[PDB]
Each structure stands twice: as structure tokens, then as C-alpha cells.
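Per-entry structural report
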Amino acid sequence: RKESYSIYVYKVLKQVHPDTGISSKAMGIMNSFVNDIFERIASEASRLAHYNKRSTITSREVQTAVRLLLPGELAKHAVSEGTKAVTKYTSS
Amino acid sequence: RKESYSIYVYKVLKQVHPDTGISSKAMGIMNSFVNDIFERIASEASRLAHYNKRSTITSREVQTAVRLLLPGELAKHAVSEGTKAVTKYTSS
Amino acid sequence: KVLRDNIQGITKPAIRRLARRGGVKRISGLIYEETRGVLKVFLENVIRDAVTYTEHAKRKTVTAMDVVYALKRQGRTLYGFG
Amino acid sequence: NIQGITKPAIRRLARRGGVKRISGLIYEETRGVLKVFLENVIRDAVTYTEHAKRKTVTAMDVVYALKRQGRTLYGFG
Amino acid sequence: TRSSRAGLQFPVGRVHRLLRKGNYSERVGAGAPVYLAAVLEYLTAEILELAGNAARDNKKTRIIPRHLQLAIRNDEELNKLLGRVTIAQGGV
Amino acid sequence: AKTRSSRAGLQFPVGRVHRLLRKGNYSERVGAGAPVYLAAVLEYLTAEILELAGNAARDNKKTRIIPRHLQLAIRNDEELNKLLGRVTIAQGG
Amino acid sequence: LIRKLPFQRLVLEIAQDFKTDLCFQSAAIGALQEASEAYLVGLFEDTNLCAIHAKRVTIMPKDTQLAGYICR
Amino acid sequence: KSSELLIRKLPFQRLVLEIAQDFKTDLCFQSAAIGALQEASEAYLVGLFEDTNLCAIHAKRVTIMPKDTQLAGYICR
DNA sequence: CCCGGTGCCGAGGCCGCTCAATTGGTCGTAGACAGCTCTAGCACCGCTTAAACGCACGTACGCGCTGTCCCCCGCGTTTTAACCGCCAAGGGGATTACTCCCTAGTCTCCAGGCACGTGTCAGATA
DNA sequence: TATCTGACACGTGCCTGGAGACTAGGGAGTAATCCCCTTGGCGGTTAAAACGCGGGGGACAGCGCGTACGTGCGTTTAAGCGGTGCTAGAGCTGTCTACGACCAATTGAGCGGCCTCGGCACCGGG
């Protein structure tokens, strides 16, 4: 029993490229990339929450962490995608 | 009321140099340095406890954080000073 | 109001003094524009990060702590504004 | 010891770097800098290993050491 | 699940569990795991899209670490994010 | 002794450091001797840098330690400089 | 080493392009000024080293480009 | 154009193990640990050689000499 | 410098078990919001003067040009040790179960450190 | 030579946060088992390292020129400083309410074992 993002990465890959496989070493690299990015965004949002004396990590801390950690167009599209997902989730 | 490390830094100064002062800008610099070192050691100890699946921060995580963050003789003396203080605390 | 062309307010003697402190003896005439551009890029990045911090805090004033955090995120820790 | 990092290996590392011509005094410098880099990384990894009270240095110890020096490495954990 | 409610392919339950057990804040909102999962999915999809495109430009039907580093280094935003990152089997 | 800072014979507060390690989101559990160890380490570092700064200020026939003396004490030392190699000492010259 | 009013004016000019509405505490301006001074002084140290490596004494923009490229 | 490893596996393992015996005498290394160390060392050396070539080109030369490696190490720090 | 024949081991999919995630509900407390007061950032004025600018001039030196030579790359031949495959041995990592003592939590108490106010040592003023 | 003038530096009030004392509950320590992964040693082949020679390409020095940099000096601009003045706006505080933690029951997503075939390295004729 070990947690990993392999199945979700495979679903994303077979979405964008239904006919393209992926090597196991590429899965390991992508699994490290996902863990790294999650940890960086989470830590930056934790600092954002602490600096304002807040105790809760809301969606606004994660949005600010994304806006600080990723370059311009990447940050713009990531913010749009995250807002879309949050709106679709809370609209149900 | 806003806390700081002014009193304790001044007391340490009065031990090391009994008859010298410290300007307020240098006092702010020393306070910032203390905060920075505290944050560095605390973050390293937290990651050390997270890696080993541990829930608590013992003196062994703090000692390892000191051992990693500080250069050779500085780390050697910091470890000795921490060990002495812990022994004096537990002995009473 | 709006502001214009203040990067040219970093005169030739100021850049020269910064160089003298750095240890430069002779300064080509094309150095000044290069240093003005470099300083502009650096300040643009730092002010962007500080403005983001201020905007999250729901304020209108960039404080010294916001600039200190912006510098720290860049890896340029500053002492003396706690 | 360090002399197992032969001259052809340093030439192959330099040519993958793009170096066209190599002086004869480069190889000793390269061996020295490799020794220093390995010294720092291995010391951090050994500290990490001994904190866990283990006796084998794992790939994750080296990954954490590198990330402490700022040399984040993907593909081992 | 909450992924389907948000319409994602990355887990929101696991991301919530990780934001909670990761000692990032005293409490975590219900919109933070969703936003972070959306951002992680978008970045993974971007990397996978570019790597598969690089593999197509190399007449290969598998994403391997060389394709990942071609996708990363040949993108200025995407390489500014991962400049301090080396990749096993990635090459130059 | 009533004060934990005196029971360990230090000058930095062990209670404040314990509270900071409890409210800083580092772990869900903090040991008893961890604040003592951390306070002792911080006190040693502060004492060392203050000693060097005062020695520098006495080498210039000055009485007070200003930021310039702190910068001199940091940069003129190898290990201390290696600890603060990316730190800008304001008004430190 | 840099006059305070021109630096503050430059900071406000740069900041107007991110939010139109801002004002800056004087301590924020001081922190920015000291950070910029230190950054430029370090840049000039690395530029001088590159120039001496060339065998020149005069620093040229190529020296600054190398000092910024290698430093990453 | 290639993506393989440039130093030999056994000399590098011997060098890493010999360095480690100074820091703690009794350790085992995992096979993945040596792989991670070798990958990081190769990447570091390749980057250093790229900066060295840039320094050499700046100095109006074509060959790289040690003074290029000290300059690159000093700037990168 | 392309092409069909052989070929092989990891990638993708299948199946069953399990524990982590979802569902409904209550408790509690963090923060969103409205109000208010005191600060400090920003705009404008008059005056002083220190820094910045504009030209002139010598000259320090950066760039090119040629010459000298040395030592690095190509290449060929010899040596050696890296690597794949096997085998034998063990030791230390990973897991499981039993206990205990160490820390969160609570309550009462009290002292110490933070503010405000005033005294005081280098230094120039009437 | 009286005096007066700020940044250090010390004297009170107090309130709030740290300490003394005790529980209760689980994180962690430790004995015991299993086996996976490390270590070491050996043999073949053959690819790579090592040595050795020749030249020409590039490094290094000297020279010559003309260009652009430092210095000086008089002028011009605007920063710095005092003073006023205001008003956005950060911070404190008082409520109350909605949102997150916890816990009980249930189940289905995901992970491990396993199995078959396709994507990619080889080749020797096309």
C-alpha cells in the first residue's frame, strides 16, 4: 500500500494522447514532479495563511500561491483552471 | 503588545561585553537574525520528523537540524551548548 | 497621477559610485544603459511579488514586511525591517 | 581513488557540455571539484541516514540531501 | 467522489488528506484541495502534451525522460519553473 | 527554579520558544527538551556574533555596535559568512 | 549611493503597472532601495571579475551579460 | 543528443564508498543511491563545463583552462 | 542509407481485497462584517546648496596585426579492467505485538516583560 | 565656561502568558520474525583506457594606432529640508453566523499479484 499519482497521470495522458504510451521511468519522473509542485504550492499557501494570522488554507491562499510560484501565462491558465474546478464543484 | 528578542539579546551582550551598547538599528538586525535562524532550524526539524513518519519534535530532530544547517565548528559548538542546556534542564 | 521615464533619474555618477564600491576602476560608456535595464528588471520582479502579497492581504499599502517577503521568496533575505 | 575518473570521461562530459578544446590542467581541477561536490552531498546524506538510526543510505536520503543543497533530482522518489 | 463533482482526473480526497496531515495549517477549507488538484492536473497535462508532441516529432509512441526534458527545456515559462531540477536519463 | 529559562541556565526564553514551536505548524507534538535545545543554540549563535561585533567595534575605538560592525563581523568570518551568504545587512556598508 | 527621490519615483512608476491604486510606506521604499543597492554592487563585483578575466581593465556590457548569465 | 551516463559505474561506486568511509565507517549504500549520486554528479559537471566554455569564449579563446573553472565556480558560488 | 524477418521483456489490462473516502449530523469557534479613531502617506511651498551636467584636453589602453612556438587532437597499437553472469552468505530493513511514560489538555495562580515616562552621556550652542 | 539636546537606559503598572499540578490516552520504544537486498568473490570478452608520435592550430607576446575615458571647471538643476495640511486607511473591537473538525456506518476506488502482446533494438539484404 503506497500512494502514487500514476493512475491519474495515465488518465490525463490517455486523454490528451489516446495513442501514446509512457515509460515507467517517465511515470516516476512525473510522480516526482507532481509531489514537488504540490509541496511547493502547499508550503507557499501555508506561509500566506500564517503571515496574515489566518488559520485556514482556503482557495484564496492556493490561488495566491499559484500566482506567485508559476510564470505568467502558466499562472494565468492555472488560475483559470482552478477557478473553473472550484465553481463546478460548489455549483453541485 | 508586540514581542521581540530585545531583552534577551541585551542580556547576552551584557555577558559578553559588560560595558558596551548597541544601536537600535543593530538591535533590529540581531532580532531579524534570531527569527531567521529559529525559522531555519524549525523548518528543518519539521521536515526531519515528517520524513521519518514521526509526529513529535524531540531534541534529536533539533540537533540534526543544527548539524545540517551549520558549518563545522559552529555546528560542533552549537550542539555542545544545546546538549549542556538539555542536561541541566532534565537533571533538576 | 501617472509617471514617466524615471529610470533616467539614475544618473551617470550614481552608477559610477556603485561601481567604485563594487571595485570597478574604468567604466565604458555603454555600461550605464545596461545597468539601468538590469535594475529595472530586478525592481519589476520584486515589486510584482510585493504587490501580490499586498493584494492578498486585502490592503492598499505595500509595507516593509511585504517587500521583505518578496525578497525572501527571491532568495535575497534582508535584515533590519522586522 | 579519484583517479578512476579518467581523462576520456572528463572529455566526454566536456564535449556534452559543448567544450571544443581542453587544456591539460583541466582534469585535475575537475577531479577536485567532483570530490568537493561529492563530499558535501555524501555528508548530508550520511547525516540523514543516521538520524533515522539506519545503516544503509537510501536513494531518498541522497534526494533529500541534493534538495537541501538545491539540486532537486527527479526519478528516484 | 469529489473529483467527479469538480470534474477532475486528480484525486481531491487524497489532496485534502495531504493538506491536512502535512501540518500546513490548523484547518483546511473545502475549496483548497479542489483548486490544488485542478492546478496539479493542468500542469501535468501541459507537460504530457508537450512531451507527447516531442515524441511525435521523434517517431516514437512512448513518452520517455528524454522527451520530458525536451518538452521542459524548450519552453521558457516551463523551464523557469524547473531550472534547478535535474532529470534522470534526461540528457541535454 | 520557576522559570524554565533559568532552570536550564539560559538567557533566551524557553517558554516563548515552546509556544512558537507549538503555534508554528511544524508538528502536532513538541517534546519537552526541544525548546531548551533550540533556545541554547540560538543563544550560542547570538553570543558568538555579538562577541565578534563588539571586538570589531573595540578595534575602531567605538563604544556601540552599529550595523557596520555586524557586517564586518559576519563577512570577516568564514563559517558565519557561509551561514548568511545571501543576507543583506541594512546600513551595513 | 542613489538619490532617494529618483528611486522612489522609479518605484512608483514601476508599481503603477501592477495596481493603479497603491501607496508605499517609507520603510518599503527603504527596503527596496537597500536591496537594489546591494544587488547592483554585487553585479559590479562579478562584472569586474569578468573584465579582469578578459585581461581588460574597462568593464563592458558583455562583462555584465556574462555576470548575469552565469549567476542564473 | 544522447541521454546516457558518461562515467563508469564501478570507479564511481568506489569513489563514493571511499568518501563515505571518512564520514561514517560502517554504512551500506543502496544501488539506487549510487545511481542518484552518479546522475547528480554528471549533471553538475556538465553544467560547470558549459559555464567554463562560456568563460573561455568570453576570454577570446577556444580552449578551456582552469582559470575558467574558478571564475565559473566563483560566480555561481 | 531503407526493409521485412525475428525477438523480447516491460507496458497495459484483469480480479479480488481492503481501508480510506463519502454521507448525514452536531459542536464549536474563526472569521466576515459594521463601526471608529488615530496615524502616516501624499500633495504643495520657500530656501540652500550640493550634486549633476556640459566641454576641453590629454592620454591609457582596447583592438587589430604579425610573429613564435608548444602542446592538443588524430590516429595507431597495446593493455586492463568494466561488465554480464553465476553463486554463496548474511544482515539489516520492514512489519507485528505489548507496554509505558510523555505530552496535549485543563485549571488556578502569579511574575515578567512590554509599554510609558523620565534621567543621562557624546556633542555643538549660544 | 552654562546649556540644551537627542538615542540609550532605567523606574513603575499591570495583564497576560507562562508556570505548578494532575489526568488520560496514545506515540513511541523495544523484543521477535522474515526475507529482500546487499556484499564479495570468480571467470570470460571485448570495449575502453593508456601510451606514443606528428603537425598545425591556437595561445601568448610585442607594437602601433586612434578612440573613448578620467579629470577639471564653470554652470544649472533639483534633491533635502523645515512646515502645513488633509484624508485615505490600517488597526482595534463587538457580534453572529456559517464553515470546518469528529465521529459512526458503509462502500467503492485503488493497490498488489498476474498475465499476454505490442513498441523498440538488431540485422543483413534491399
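1. Section: the overall build of chain A
Across its full length, chain A carries four helices and two strands. The order of α-helices and β-strands along chain A, N terminus first, is α-β-α-β-α-α. Against the 2.2 N^0.38 benchmark of 12 Å for 92 residues, chain A shows a C-alpha radius of gyration of 16 Å, more extended than a compact globule. Oriented by its inertia axes, the alpha-carbon framework of chain A measures out at about 45 × 30 × 30 Å. Burial status across chain A gives 50% buried among its 92 residues. Residue pairs at least 24 apart in sequence account for 30% of intrachain contacts in chain A once pairs closer than 6 positions are excluded.

2. Points about the overall build of chain H
The secondary structure content of chain H amounts to three helices and two strands. Going residue by residue from the N terminus, the α and β elements of chain H occur as α-β-α-β-α. Taken over the C-alpha atoms alone, chain H extends approximately 50 × 30 × 20 Å along its principal axes. The 77 residues of chain H split such that 51% are buried. By sequence separation, contacts in chain H at least 24 residues apart represent 38% of the contacts at least 6 residues apart. On chain H, roughly 3,800 Å² of surface is accessible, and the fraction owed to carbon and sulfur atoms is 52%. For chain H, the distance from the average site of its 9 positive side-chain charges to the average site of its 9 negative ones is 7 Å.

3. So, the environment of D:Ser23
Within the secondary structure, D:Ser23 sits in the loop between strand 1 (21-22) and helix 2 (26-51). Between the C-alpha atom of D:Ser23 and that of D:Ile42, which follows or precedes it by 19 residues, the distance is 29 Å.

4. A few points about the protein's contact with DNA strand I
Neighbouring residues of DNA strand I: 52 residues in total, closest A:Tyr10, A:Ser55, D:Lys55, F:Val30 and H:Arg14. The backbone of F:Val30 places a nitrogen or oxygen atom 2.9 Å from a phosphate oxygen of DNA strand I. With respect to DNA strand I, the backbone of H:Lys9 contributes an N or O atom lying 3.1 Å from a phosphate oxygen.

5. What about the protein's contact with DNA strand J?
Contacts to DNA strand J come from 55 residues, most closely from A:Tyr8, C:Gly29, F:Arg19, G:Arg9 and H:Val62. In DNA strand J, the atoms that sit within 4 Å of the protein are 99% sugar and phosphate, with bases accounting for the remainder. One of the backbone nitrogen or oxygen atoms of E:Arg62 is found 3.4 Å away from a phosphate oxygen of DNA strand J. Contact distances for DNA strand J include 3.1 Å between a sugar or linking oxygen and a backbone N or O atom of F:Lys2. If you list the elements that add at least two residues to the surface near DNA strand J, you get helix 1 (6-16) of chain A, strand 1 (26-27) of chain C, helix 1 (7-17) of chain D, strand 1 (27-28) of chain E, helix 2 (14-22) of chain F, helix 1 (4-15) of chain G together with strand 1 (28-29) of chain H. For the surface near DNA strand J, the element with the highest residue contribution is helix 1 of chain G, accounting for four residues.

6. Examining the interface of chain E and chain A
Taken together, the contact between chain E and chain A spans 51 residues of the former and 56 residues of the latter. Where chain E packs against chain A, one counts one salt bridge. When the shortest N-O distance is used, the salt bridge between E:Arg14 and A:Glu3 registers 4.0 Å. Here chain E is connected to chain A by 14 residue pairs in polar contact. Among the secondary structure elements, those contributing two or more residues to the side of chain E that touches chain A are helix 1 (2-6), helix 2 (12-21), strand 1, helix 3 (32-56), strand 2 (62-63), helix 4 (65-73) and helix 5 (76-81) of chain E. If one sorts the elements of the side of chain E that touches chain A by residue count, helix 3 of chain E sits on top with 17 residues. Here the side of chain E that touches chain A is composed, by residue class, of 30 nonpolar, eleven polar and ten charged. As defined by bridge partners, strand 1 (residues 21-22) of chain A adjoins strand 2 of chain E across two bridges and the pair is classed as parallel. What sits directly across from A:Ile22, in strand 2 of chain E, is E:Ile63.

7. Description of the packing of aromatic side chains
Counted by the stated rule, this structure contains 13 aromatic pairs over all chains. When the centroid spacing of 6.0 Å and the interplanar angle of 55° are considered together, the rings of B:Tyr5 and F:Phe12 count as tilted. Taken as a pair, B:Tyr5 in the segment before helix 1 (6-16) and F:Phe12 in the loop between helix 1 (4-7) and helix 2 lie in two separate chains rather than in one. The exposure class assigned to F:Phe12 is buried, which follows from its relative accessible area of 1%. Measuring from centroid to centroid gives 6.0 Å for D:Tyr48 and D:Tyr64, while their planes differ by 40°, and the two rings are tilted.

8. Observations concerning the packing of helix 2 of chain D against helix 2 (residues 31-58) of chain H
Contact pair helix 2 of chain D / helix 2 of chain H: the axes reach a minimum separation of 11 Å and the direction vectors enclose 135°. By the angle class used here, helix 2 of chain D and helix 2 of chain H are oblique. Of the two possible hands of crossing, helix 2 of chain D and helix 2 of chain H adopt the one that is right-handed. Contacts between helix 2 of chain D and helix 2 of chain H involve D:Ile26, D:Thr30, D:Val33, D:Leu34, D:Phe37, D:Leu38, D:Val41 and D:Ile42 from the former and H:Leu37, H:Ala40, H:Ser41, H:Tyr44, H:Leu45, H:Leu48 and H:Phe49 from the latter. Here the residues of the contact of helix 2 of chain D with helix 2 of chain H sort into 13 nonpolar, two polar and no charged.

9. Details of the pattern of salt bridges
Per the stated rule, a full pass over the model turns up 19 salt bridges over all chains. Across the salt bridge formed by D:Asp61 and D:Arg54, the nearest N and O atoms sit 3.0 Å from each other. H:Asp68 is the partner of H:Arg61 in a salt bridge, and the nearest nitrogen-oxygen pair spans 3.1 Å. Here the residues in one salt-bridge network are B:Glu3, F:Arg16 and F:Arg19, joined through shared partners.

10. Considerations on the state of the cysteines
Under the counting rule described, the total for this entry stands at zero disulfides over all chains. The thiol of G:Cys50 is unpaired, and the distance to the nearest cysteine sulfur, on H:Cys55, comes to 6.2 Å.

11. Examining the packing of helix 1 of chain A against helix 3 of chain E
Their axes nearest at 9 Å, the elements helix 1 of chain A and helix 3 of chain E cross at an angle of 55°. Overall, the two elements helix 1 of chain A and helix 3 of chain E adopt an arrangement that is oblique. By crossing handedness, the relation of helix 1 of chain A to helix 3 of chain E is classed as right-handed. The segment helix 1 of chain A lies against helix 3 of chain E, with A:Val9, A:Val12, A:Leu13 and A:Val16 engaging E:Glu41, E:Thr44, E:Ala45, E:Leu48 and E:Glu49.

12. Topic: unusual backbone geometry
Of note in this structure, C:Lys58 is not a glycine but carries a positive phi near 65°. Inspection of the secondary structure puts C:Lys58 in the loop between helix 2 (31-56) and strand 2 (61-62). A positive phi angle is found at G:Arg72, which is not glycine, with a value near 60°. Structurally, G:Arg72 can be placed in the segment after helix 3 (61-71). Look at G:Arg72 and you get exposed, because its relative accessible area is 69%.

13. Topic: helix 2 (residues 24-51) of chain A
Here helix 2 of chain A is 28 residues long and its end C-alpha atoms lie 41 Å apart, about the 40 Å a rise of 1.5 Å per residue gives. Positive backbone phi, at 65°, marks A:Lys53, one or two positions downstream of helix 2 of chain A.

The rules behind the values
Residues numbered from 1 in each chain as written, not as in the entry; some residues may be left out. Chains lettered and ligands numbered in written order. Heavy atoms only, no water. Helix = DSSP H or I, 4+ residues; strand = E, 2+ residues; numbered from the N terminus. Rg over C-alpha atoms; globule rule 2.2 N^0.38 Å. Buried < 20%, exposed > 50% of the residue type's maximum accessible area, 1.4 Å probe, protein only. Contact = heavy atoms within 4.5 Å. Areas by Shrake-Rupley, 256 points an atom, 1.4 Å probe, with all protein chains shown as cover. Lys, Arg positive; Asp, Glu negative; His and termini not counted. Charge placed at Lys NZ, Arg CZ, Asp CG, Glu CD. Near = heavy atom within 4 Å. Polar contact = N/O pair within 3.5 Å; in protein donor to acceptor, adjacent residues only side chain to side chain. Salt bridge = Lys/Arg side-chain N within 4 Å of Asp/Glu carboxyl O. Nonpolar A, V, L, I, M, F, W, Y, C, P; charged D, E, K, R; others polar. Pairing = 2+ DSSP bridges. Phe/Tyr/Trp six-rings, centres within 6.5 Å; stacked < 30°, edge-to-face > 60°. Axes fitted to C-alpha atoms, helices over the stretch in contact; angles between N-to-C directions. Parallel < 35°, antiparallel > 145°, perpendicular 65-115°, else oblique. Left-handed = near helix turned anticlockwise from the far one by under 90°. Disulfide = S-S within 2.5 Å. Expected span 1.5 Å × (residues − 1).

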